[PDB]
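The structure under discussion appears below in the form of C-alpha cells.
Throughout, protein chains are lettered first and strands after them, A, B, ... in sequence-line order, and every chain is numbered starting at 1. Reckoned from all heavy atoms, side chains included, excluding hydrogens, waters and symmetry mates.
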Amino acid sequence: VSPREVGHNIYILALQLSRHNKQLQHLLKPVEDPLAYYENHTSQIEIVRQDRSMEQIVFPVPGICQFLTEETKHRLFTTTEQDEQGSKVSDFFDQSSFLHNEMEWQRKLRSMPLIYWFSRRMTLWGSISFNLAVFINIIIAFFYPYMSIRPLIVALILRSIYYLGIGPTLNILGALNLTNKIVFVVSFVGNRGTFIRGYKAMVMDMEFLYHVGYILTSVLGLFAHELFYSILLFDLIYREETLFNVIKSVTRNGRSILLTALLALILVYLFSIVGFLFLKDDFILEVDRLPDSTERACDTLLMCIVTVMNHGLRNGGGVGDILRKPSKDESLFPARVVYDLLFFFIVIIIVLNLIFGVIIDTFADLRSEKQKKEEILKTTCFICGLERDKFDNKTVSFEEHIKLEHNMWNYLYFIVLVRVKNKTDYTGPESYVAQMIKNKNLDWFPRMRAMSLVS
Amino acid sequence: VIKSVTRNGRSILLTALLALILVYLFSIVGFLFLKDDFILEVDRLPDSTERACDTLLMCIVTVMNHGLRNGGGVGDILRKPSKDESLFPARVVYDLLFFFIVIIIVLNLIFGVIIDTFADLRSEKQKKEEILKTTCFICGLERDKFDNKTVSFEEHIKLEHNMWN
Ligand SMILES: Nc1ncnc2c1ncn2[C@@H]1O[C@H](COP(=O)(O)OP(=O)(O)OP(=O)(O)O)[C@@H](O)[C@H]1O
Ligand SMILES: Nc1ncnc2c1ncn2[C@@H]1O[C@H](COP(=O)(O)OP(=O)(O)OP(=O)(O)O)[C@@H](O)[C@H]1O
Ligand SMILES: [Ca+2]
Ligand SMILES: [Zn+2]
Ligand SMILES: [Zn+2]
C-alpha cells in the first residue's frame, strides 16, 4: 500500500462530493502542491450506459500513460479518418492497442540512455545525410570525370578537395554518409518501434524498405560506382511535404493519365495505318550518319508507327512538321492538308491537353479535400462530433468541452486503465466499459450529445 | 496576378529542383550511353559542330539549356539516328521518356500550381467579402437573425454595435 494512492482515491471522492458543496470546490482548487499533483494526474470522461443515460467518470491516470509521444498524438489526431456515419471513434479505438504497445516501448527505451539519445536526433541524422548527399552530387556533377554551419562545411570541403583531392574527398564524404545513414536507421527503428508489431510488419513498412534502399544505394555509390549517388537526390521528395503533394497531384489519377496515353497511342496507330496506306512516299526523314542523307520511315507499319509516335507527339505542329513538304499542284495536297490538320487537332490540341486537364482537376480535388478535412478537424469535436455553434452562449465553451469533458486522450487513458486493471477490482462503469470492449460495442462513446449542453 | 505566383513560390521552386534532378539523371544516362549523339552546331565569331557531352557538367548544361527550352525535349538537338543503328530503340525510348517525364508532366506542374493558387485566392477573397458584408463586425451575428425584427441589420450595425463607437 502506498499513501499516494490512498490520497488520490480520497481526492477523487472529494471531487465527486464537491459537485454538491461549494466550500469543497473552493478548497480543492490548487493555490509541491498535493492538489496540483492530484489535478495533473486526475482525468474525467463521459460515457453512455445501456439506458442511454450519460455518466461522468473520474479516474486516476495510469503511470504508463505518461510515455505517449507528442508526435504519435499529433499523427493520430491529424490522420484519423471518418467512417460512413461520420465518426472517428472506430479508428481511434482500433489504434488503442498500438498506442499501448508504443507506451510500453517508450518506457523500455527511456531506460537505455545511449539508444534514447541516438533516437532523439533522428532529424539531425536525416539533415546530415541529405546535406552529405547534396554535396556529393554537386561535386560529382562539377568534377566528373576526374583524373549557419553550412558555409563552414563548404569551406572544409573546398579545403579537402584542394589538399587531398577529389577522389579522397568523395571517399570521406561517402563513408560519412554511410555511417550517418546507419545511425539514422538505428534511430528510426528505436524510435518508431516498428519491430513491436513484428518482423513481418517491419518488413511490410514502406518507410523501412525506403531507408534500406537508401542504404543500399549509398553502399553502391561508395564501392561500385559513384554515379549511384544521384539516386539519393530523390530523398528531396521524402523530405519535403509540399513537393510530395505536388507529385500526388499527378499520382492520384495516374490510371486516368495512363488511359489517356493509351488513347493517344491508339490514335497514333490509326494515323500511321492511314499514312502507310496513302502517304507512304511522304515519310522522308533526314539522318546524320556517323563516319545518302535521307531515309524512308514508312516502309513498314511498325516503323511508321514509331516515326509518328516519336515525332508527331514531340512536334508542336504534329506529324505534318516532319513530312515532305507538298506542292499545291499535287493531287494529294488537300488530302495532306486534311491529314495534318486532323492530327494536330485530334492528338495535340485535345488528347495531349487531357493529361494536363486531369492534373489540374486533381489539383483542385486535393485542395478541396484538404480544406474540408481541416475545417472538420478544427470546428468539430473529435469524440462527440458536435460543432462549435452548439456551444454558443453556454456556460461551458467549445474549447473547454474539448479540453476537459470529451478529451480523446482521456478516453485512451480510460481504455488503458481498463486493460491494466484486474477484473476483480473493477467498479460498475469500469465493468460496463470492459464488457462493451469485449463485445466490440462502441455505444458507450457519446455521440452528438454533451452533458454540459443538456444540463 | 503576381500574388497568384508568389503565394506558392516554394512549391514552384521545389518543382524546379525536381526538374533539375531529372535533368541530372538524364544527363548521366546520356553521358554513359549516348555520348556521341551530343553534337551541337555553333556559329563561330571571326569546324561548325562541337561535342557537348565530353564531360558530365557540360552535358548537364546542354540538357538543361536545350531540352527544357525545346518543345520536343532533349531529342530535338541530338544527332538524328538511322533506323539501322543498334541504338535506335534506345534513342527512341530516351527521347519519349524525356519528353513525357520532363515536358508533359514536370513543366506543367508549375502552371498547375499557378492555376490552383489562382482558385485559392479567388475562394479566399469571396469568403472574406461574404463574411464582411453579411456579418456584424463586433457581435458576429448574421443578417438572418434580424429578419422580421423591429430593428434591421443595417440599424444594428449603424447605431447599436458601431465599431467606431
Ligand atoms: N475531443 C477533442 N476534440 C478536439 N480537439 C481535441 C479533443 N481532445 C483533444 N483535443 C486537442 O488535442 C490537443 C491535445 O490536448 P491535450 O489534452 O493533450 O493538451 P496539452 O495542452 O497538450 O496538455 P497539457 O496542457 O495538459 O500539458 C489539444 O489541441 C486539444 O485541444
Ligand atoms: N459593427 C459593424 N458591422 C458592420 N459594418 C459596420 C459596423 N460598424 C460600422 N460599420 C460600417 O462601417 C462604415 C462606417 O460607418 P460610420 O458610422 O462611420 O458611418 P458614416 O456614414 O461614414 O458616417 P456619418 O453618416 O455619421 O457621417 C459604414 O459602412 C458602417 O455601415
Ligand atoms: Ca470485486
Ligand atoms: Zn464532445
Ligand atoms: Zn452586432
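- At least one cation-pi condition fails for A/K394 and A/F391: the charged atom is not both under 6.0 angstrom from the six-membered ring centre and inside a 45 degree cone around its axis.
- Using a 4.5 Å cut-off between heavy atoms, A/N137 contacts chain B through both its backbone and its side chain.
- In this structure, chain B has a heavy atom under 4.5 Å from the side chain of A/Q371, while its backbone stays farther away.
- Contacts between A/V246 and chain B at a heavy-atom distance below 4.5 Å involve backbone atoms as well as side-chain atoms.
- Contact count versus chain B (heavy atoms, under 4.5 Å) is highest, among A/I231, A/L313, A/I355, A/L236, for A/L313.
- Contacts of B/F111 with chain A are made by both backbone and side-chain atoms, with heavy-atom separations under 4.5 Å.
- Both the backbone and the side chain of B/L109 come within less than 4.5 Å of a heavy atom in chain A.
- Neither the backbone nor the side chain of A/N315 comes within contact range of chain B, judged by heavy atoms closer than 4.5 Å.
- Contact annotation for A/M309: both backbone and side-chain heavy atoms come within less than 4.5 Å of a heavy atom of chain B.
- For a residue to count as touching a neighbouring chain, one of its non-hydrogen atoms must lie under 4.5 Å from one of that chain's; by this rule A/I257 does not touch chain B.
- Using a 4.5 Å cut-off between heavy atoms, A/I140 touches chain B through backbone and side chain atoms alike.
- With B/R7 contributing its side chain and B/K3 its backbone, the two residues share no donor-acceptor pair below 3.5 Å.
- Contact annotation for A/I359: only side-chain heavy atoms (C-beta onward) come within less than 4.5 Å of a heavy atom of chain B.
- Interface remark: A/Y144 contributes backbone and side-chain atoms alike to the contact with chain B (heavy atom separation under 4.5 Å).
- Within the cation-pi definition used here (under 6.0 Å to the ring centroid, within 45° of the axis), A/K181 qualifies as a partner of A/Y214.
- No donor-acceptor distance shorter than 3.5 angstrom exists from the side chain of A/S368 to the backbone of A/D365, with no hydrogens or angles considered.
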